[PDB]
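Have a look at the structure below before the remarks.
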Amino acid sequence: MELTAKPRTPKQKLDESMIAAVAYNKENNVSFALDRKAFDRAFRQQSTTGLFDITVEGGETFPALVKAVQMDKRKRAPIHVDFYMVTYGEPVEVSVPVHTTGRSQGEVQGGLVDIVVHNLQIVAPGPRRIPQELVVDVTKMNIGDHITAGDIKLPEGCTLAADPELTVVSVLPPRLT
Amino acid sequence: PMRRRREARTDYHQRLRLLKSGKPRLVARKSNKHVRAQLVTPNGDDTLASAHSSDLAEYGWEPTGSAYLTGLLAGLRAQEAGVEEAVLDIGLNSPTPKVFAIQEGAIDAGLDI
Amino acid sequence: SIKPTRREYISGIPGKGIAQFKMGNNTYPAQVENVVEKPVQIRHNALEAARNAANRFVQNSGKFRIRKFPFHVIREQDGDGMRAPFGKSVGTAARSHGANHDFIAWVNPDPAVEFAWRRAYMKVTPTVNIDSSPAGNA
Amino acid sequence: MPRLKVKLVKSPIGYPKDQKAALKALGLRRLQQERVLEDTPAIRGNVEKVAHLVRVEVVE
Amino acid sequence: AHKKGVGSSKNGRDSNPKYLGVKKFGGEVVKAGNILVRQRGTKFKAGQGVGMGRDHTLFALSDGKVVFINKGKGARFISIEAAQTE
Amino acid sequence: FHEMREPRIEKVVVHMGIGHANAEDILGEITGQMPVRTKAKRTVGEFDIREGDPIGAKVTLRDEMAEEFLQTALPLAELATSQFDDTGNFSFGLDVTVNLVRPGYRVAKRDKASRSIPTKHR
Amino acid sequence: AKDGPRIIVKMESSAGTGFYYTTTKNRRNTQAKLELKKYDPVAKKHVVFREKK
RNA sequence: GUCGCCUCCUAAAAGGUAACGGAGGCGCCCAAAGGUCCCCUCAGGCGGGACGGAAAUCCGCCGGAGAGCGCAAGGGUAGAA
RNA sequence: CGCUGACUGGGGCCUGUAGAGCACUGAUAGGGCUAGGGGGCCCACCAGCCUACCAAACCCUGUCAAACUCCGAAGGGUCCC
RNA sequence: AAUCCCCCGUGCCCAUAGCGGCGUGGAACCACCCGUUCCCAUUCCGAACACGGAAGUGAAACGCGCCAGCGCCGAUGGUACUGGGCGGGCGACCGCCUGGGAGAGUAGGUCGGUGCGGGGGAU
């Protein structure tokens, strides 16, 4: 949303209210613009979890946003970001999240819980074609069970930029099973 | 391993053995179907198609003779250039009776080996 | 930064003796956690402990995860007196590099675990930083 | 032929070995005095390194 | 009349390896590159090494000397343009 | 091309070996390609602790030779089943094995582009 | 040298007379009264060479 | 306690420096690990069969050599020692 | 002896800490797949069966090293101009 | 005989050539091939090394092409570390001013590029 800059001035820039952030795209880049105030708001929403874009000179109103960056620093306040769009029908490198609900199985009865080393899902469905919020939770939880890649259950866009059997999300003893 | 330490069979380094010095790499490349040798001499040297089974057709005298000549001649072709004492090049296999053959060539070829 | 004699000649190859990592429960978004800023060969023991007392006060779901762990150690009085000092080991930990990802109180809506960790900081030693993660804490 | 005109300041008293040489080199006797030279990255360098040393002026 | 234990304490002594003559100086039929004595010198400079490329020593005479593996025995001649007709 | 995959011999051993002198001489007379290899280990599961002795006997025999043997030796063996192992190959008896030879076997011999022998050819 | 009746024993070898000898260290270890090889005494050159002493 | 000598680390990146600072080896040996000329392609893992169910022996696949080199380490390095 | 010297500019060639990194190695945590020990069940030469406790090794999420490093700068060196 | 397409000996650049998946070639080339008295030769057999020769074949090694899954290469903007200069905190240490500025991390790039000679293939 907006964000400007692109000359050659990171220090002061990298200072005050404007944080660096390259204009990255397949084939071309352009001095860092943006701002340490927009990043906020938007970013605050769900960086590489949905997507939008800003109007700098109406130039090229496109999506793709961030494919890297960091609040690095100790303090925990980012500085020096990466920005890449995608006006193509190739959209792959697509990492969008996936949520459950709380389906009661090991929890609200077994107190047991479940780790989700997954959460996210870098895949590649129908380029410029993804539900900013995709949910899938067949339920199940408790004892020494576990679910991961393999099973899963992918809708429409048949990608999987990923593999089978691997960090899905299981149920462990928040105390004992 | 480094390219030449995971494959097998060659000895190229037993070529570099003579590399050090002594003269032309009177290297004799074989392929049954025929024999073909050059003359890799030190300094990004080169060669002078000194002897080949095709150069002058491939005849019909098999191994024996072939060599016997290919060499000789070869040796003939070169000593016209201005060489003299050239180092041998077992290129490959053991100075088999072929090999040995060609070999003769050089020797008889008057190109000292 | 004086450190030890080697990873297998003086004292290197242990379990360091402690109480493992993970606790609490999952959670996809909710980013609930703790880190620091202080530098200190984190007092093993003190360490191990601390964190633990953490579980002692909570119990289940709240990433009682914790990303620390000592692995080297000091030494002192053993032998003659003060001069040519040989070495007698004791007390390993790990450098808390001037702040960083401590342990995580990670989960949907379960501050009943935030306060916890909280109780977890209180403890500890080198001050500590009370914080949230990508998004905050819900 | 950018001619450089530097002056003397903050006595190199006890300060880095070399640094001094860059002193006697560029041509640096008594204190707070003024000398000039051609750009010449050479002479240039030295002086610069000496930086804080004193003050450079583009003259002729 | 013996010696003890549980006192590791065992200082170490001296060496003296180097690249003597480093790369590209006035070459003199003398100790080329060093890091393995008994060494077996070579011809001119050396470029073979557990690194990749090679090293030239714009200095040429009889020969130099190796170090057993390190550096990378010489052989890729390189007398230097300073070896032509007077 | 059905003129490919369709087989054409390929090796085929037949041996023995005891924690030992000559017994292999009964081996020489039955064929002609003496096996001289040294087994070993260091325990007492037979009194074979000796970890560096000459007891391993193995009379290699592919093609040509093996033929005379596959022949004069294939009659006294009574089975034909199970003893059929994956890697197109198999081992029965006082010690004997023989390997298949589909068209995609050799390559696994090259020092270079050593195609880890695909599992659809073998 | 450090004379050590330990399989460590120093010896030489004549030159059929070529005259004198030449240096050598040894070890009964194996082949006792065993020790032969050629050289070249001030005597012309070469010459068989027993070692025993 | 300890003094000689071989290696690592310490040396901050040329070289090189204390510490009663860290850890570990040597006062052997090999007549054949000698000289060359000629051939070899490791450990291991997996799959198939004698005496064999760790752990061989052979046969068929996979392999910046992780085995290999009398001895401590470290460099080396199959092209090969 | 007389411009050669500390120093700077240029040009090669080197070292490879700090950092960082995990495929070499040794740690080490959350977990998945698995076989070793369990463990409860046909009574158990059964070596057939399920599964909540410990594990080895491979796989994902992670992390420490002076005597680890596929990676690699600050800089210092040395010959020439 | 002093131009391109191809195969063959073969060299430099030490994986932007390796792995592997499919494929194509045999007039020419090359191998596999056909046999084994004599040269030589296997600690066991002429499998490999090897001498003589057609038919047979492109299966295999092999050569050119397509495929990013494993690998290899790898910028820009960016953060650590720091040569030099100067300030804060008793404190482990923090910061500033000026030139140097990596790895990993997304883009993407790669399925070699290029020497000399020999056989042809282009009156």
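Chains as they are written, first to last, in our numbering: chain A, 1 to 177; chain B, 1001 to 1113; chain C, 2001 to 2138; chain D, 3001 to 3060; chain E, 4001 to 4086; chain F, 5001 to 5122; chain G, 6001 to 6053. Where a beta carbon is used, it is the ideal one built from N, C-alpha and C, also for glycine.
Use the C-beta contact count for C:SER2001: other C-beta atoms within 10 angstroms, 16 or more gives buried, fewer gives exposed. For the purposes of this step, residue 2001 of chain C is taken as the residue at position 1 of the third sequence. Around the Cβ of C:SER2001, a 10 Å sphere holds fewer than 16 other Cβ atoms; the residue is exposed.
Would you say residue 2160 of chain C and C:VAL2058 are within 7 Å of each other, going by their C-beta atoms? Nothing about residue 2160 of chain C can be read from this structure; chain C reaches only from 2001 to 2138.
Does chain C have any CB closer than 7 Å to the CB of A:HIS99? Walking along the first sequence from the start, residue 99 of chain A turns up at place 99. Proximity of A:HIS99 to chain C, defined by a Cβ-Cβ separation below 7 Å, is satisfied.
To the nearest angstrom, how far is it from the Cα of B:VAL1087 to the Cα of G:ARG6050? For this step, residue 1087 of chain B is matched to residue 87 along the second sequence. For this step, residue 6050 of chain G is matched to residue 50 along the seventh sequence. Computed Cα separation, rounded: 40 Å.
Please state if the CB of A:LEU3 and the CB of A:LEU34 are separated by a distance shorter than 7 Å. Mapped onto the first sequence, residue 34 of chain A falls at position 34. Mapped onto the first sequence, residue 3 of chain A falls at position 3. Yes, the pair counts as a contact, with Cβ atoms nearer than the cut-off.
Suppose you measure from the CA of F:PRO5075 to the CA of F:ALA5021; what does that come to, to the nearest Å? Taking the sixth sequence and counting its residues from 1, one reaches residue 5075 of chain F at position 75. Taking the sixth sequence and counting its residues from 1, one reaches residue 5021 of chain F at position 21. Distance between the alpha carbons of F:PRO5075 and F:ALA5021: 28 Å.
Buried versus exposed call for E:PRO4017 [16 or more other C-beta atoms within 10 Å across all chains shown]: Walking along the fifth sequence from the start, residue 4017 of chain E turns up at place 17. Sixteen is the threshold: since fewer than 16 other Cβ atoms of the shown chains lie within 10 Å of the Cβ of E:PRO4017, the residue is exposed.
Taking E:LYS4045 as the reference, which of E:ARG4038, E:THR4085, E:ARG4054 has the closest Cα? Counted from its first residue, the fifth sequence places residue 4045 of chain E at position 45. Selected option, being the one with the closest Cα: E:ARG4054.
Just to confirm, is the Cβ distance from A:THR167 to A:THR148 under 7 Å? On the first sequence, residue 167 of chain A is found 167 positions in, with the first residue counted as 1. On the first sequence, residue 148 of chain A is found 148 positions in, with the first residue counted as 1. Yes, the pair counts as a contact, with Cβ atoms nearer than the cut-off.
Taking A:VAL116 as the query, report the chain C residues whose CB atoms sit under 9 Å from its CB, ordered along the chain. Here residue 116 of chain A corresponds to residue number 116 of the first sequence, with the count starting at 1. Result: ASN2026, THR2027, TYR2028.
How long is the line joining the alpha carbons of A:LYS73 and F:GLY5104, rounded to whole angstroms? Residue 73 of chain A sits at position 73 when you count from the first residue of the first sequence. Residue 5104 of chain F sits at position 104 when you count from the first residue of the sixth sequence. Straight-line spacing of the CA atoms in A:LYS73 and F:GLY5104 works out to 57 Å.
For C:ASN2060, which residues in chain A fall below 8 Å Cβ to Cβ? For this step, residue 2060 of chain C is matched to residue 60 along the third sequence. For C:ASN2060, the chain A residues whose Cβ falls inside 8 Å of its Cβ are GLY111, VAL113, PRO174, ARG175, in order along the chain.
Just mark E:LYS4043 as buried or exposed, buried being the case when its beta carbon has 16 or more other beta carbons within 10 Å. Numbered from its first residue, the fifth sequence carries residue 4043 of chain E at position 43. That one is buried.
Looking at the secondary structure, which residues open and close the beta strand (DSSP E) in which F:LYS5058 lies? Here residue 5058 of chain F refers to the residue found at position 58 when the sixth sequence is read from its first residue. Element bounds for F:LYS5058: 5056 to 5058.
Hey, how far is the Cα of F:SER5082 from the Cα of F:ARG5042? Residue numbering aside, residue 5082 of chain F sits at position 82 when the sixth sequence is read from its first letter. Residue numbering aside, residue 5042 of chain F sits at position 42 when the sixth sequence is read from its first letter. Each residue's alpha carbon lies about 33 Å from the other.
Residue environment, C:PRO2039, which counts as buried when at least 16 other CB atoms sit within 10 Å: For this step, residue 2039 of chain C is matched to residue 39 along the third sequence. Counting Cβ neighbours within 10 Å, C:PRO2039 comes out exposed, since fewer than 16 surround it.
Could you check if D:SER3011 is buried or exposed, using at least 16 other CB atoms within 10 Å of its CB as the buried criterion? On the fourth sequence, residue 3011 of chain D is found 11 positions in, with the first residue counted as 1. By the 10 Å Cβ count, D:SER3011 comes out exposed.
The alpha helix (DSSP H) enclosing B:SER1066, as first and last residue numbers: Here residue 1066 of chain B corresponds to residue number 66 of the second sequence, with the count starting at 1. Where B:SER1066 is concerned, the enclosing alpha helix (DSSP H) stretches over 1066 to 1081.
Out of C:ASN2034, C:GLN2077, C:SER2089, C:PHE2064, which has the shortest C-alpha to C-alpha gap to C:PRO2014? Position 14 of the third sequence, counted from the start, is the residue given in the question as residue 2014 of chain C. Minimum Cα distance to C:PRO2014 is reached at C:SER2089.
Rounded distance between the beta-carbons of C:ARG2043 and C:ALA2093, thought under 8 Å: The residue you call residue 2093 of chain C lines up with position 93 of the third sequence. The residue you call residue 2043 of chain C lines up with position 43 of the third sequence. Indeed, because the Cβ distance is near 6 Å, the residues count as touching under 8 Å.
Using a C-beta to C-beta distance shorter than 7 Å, which residues of chain B count as neighbours of F:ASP5085? On the sixth sequence, position 85 is the one that residue 5085 of chain F refers to. Here the premise fails: no neighbours, minimum Cβ distance about 28 Å.
Counting along the chain, where does the alpha helix (DSSP H) carrying B:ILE1107 start and finish? In the second sequence, the residue the question calls residue 1107 of chain B occupies position 107. Element bounds for B:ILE1107: 1100 to 1108.
Figure out for me which residue from F:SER5114, F:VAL5098, F:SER5116, F:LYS5112 has the closest Cα to the Cα of F:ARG5008. Taking the sixth sequence and counting its residues from 1, one reaches residue 5008 of chain F at position 8. For the set F:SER5114, F:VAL5098, F:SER5116, F:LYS5112, the Cα lying nearest the Cα of F:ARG5008 is the one of F:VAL5098.
Beta-ladder partner(s) of F:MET5016, from DSSP: Walking along the sixth sequence from the start, residue 5016 of chain F turns up at place 16. Paired residues: F:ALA5057.
Counting only Cβ pairs nearer than 9 Å, list the residues of chain F close to B:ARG1006. Translated into the one-based positions of the second sequence, residue 1006 of chain B becomes position 6. B:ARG1006 reaches chain F at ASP5111, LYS5112, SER5114, counting residues in chain order whose Cβ is nearer than 9 Å.
Local Cβ density within 10 Å of B:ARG1025, reported as buried at 16 or more and exposed below that: Position 25 of the second sequence, counted from the first residue, corresponds to residue 1025 of chain B. Counting other Cβ atoms within 10 Å of its Cβ, B:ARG1025 reaches 16 or more and is therefore classed as buried.
Would you say the beta carbon of C:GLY2087 comes nearer than 6 Å to a heavy atom of the ligand HEM? Ligands in the displayed structure: none, and consequently the ligand HEM is not present.
Go ahead and pull the three-state DSSP assignment for D:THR3040. As a working mapping, residue 3040 of chain D is identified with position 40 in the fourth sequence. The answer is coil: DSSP assigns D:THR3040 none of H, G, I, E or B.
Environment of A:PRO174 [buried if 16+ CB atoms lie within 10 Å]: Here residue 174 of chain A corresponds to residue number 174 of the first sequence, with the count starting at 1. Classification of A:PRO174: buried, given that the 10 Å Cβ count is 16 or more.
What does the Cβ neighbour count give for D:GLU3034, buried or exposed, with the cut at 16 atoms within 10 Å? To locate residue 3034 of chain D, count along the fourth sequence from 1; it is residue 34. D:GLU3034 is exposed by the Cβ-count criterion.
If you run the structure through DSSP and keep just helix, strand and coil, what is A:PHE43? The residue you call residue 43 of chain A lines up with position 43 of the first sequence. In the displayed model, A:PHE43 falls within a helix according to three-state DSSP.
According to the neighbour-count rule (16 or more other Cβ atoms, all chains shown, within 10 Å of its Cβ), is C:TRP2117 buried or exposed? Counting from 1 along the third sequence, the entry for residue 2117 of chain C is found at position 117. Within a 10 Å sphere around the beta-carbon of C:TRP2117 sit 16 or more other beta-carbons, which makes this residue buried.
Please report whether the beta-carbon of C:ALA2019 lies at a distance below 7 Å from any beta-carbon of chain A. Mapped onto the third sequence, residue 2019 of chain C falls at position 19. Taking Cβ atoms only, chain A never reaches closer than 7 Å to C:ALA2019, which makes this a no.
Taking C-beta to C-beta, are D:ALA3022 and D:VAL3054 nearer than 7 Å? The sequence position of residue 3022 of chain D within the fourth sequence is 22, counting from 1. The sequence position of residue 3054 of chain D within the fourth sequence is 54, counting from 1. No. Outside cutoff.
What is the rounded straight-line gap between the Cα of D:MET3001 and the Cα of D:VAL3047? Taking the first residue of the fourth sequence as position 1, residue 3001 of chain D is located at position 1. Taking the first residue of the fourth sequence as position 1, residue 3047 of chain D is located at position 47. One C-alpha to the other measures close to 17 Å.
Would you check if the distance between the CB atom of A:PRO97 and the CB atom of A:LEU120 is smaller than 7 Å? In the first sequence, the residue the question calls residue 97 of chain A occupies position 97. In the first sequence, the residue the question calls residue 120 of chain A occupies position 120. Yes; because the gap between Cβ atoms is below 7 Å, this pair is in contact.
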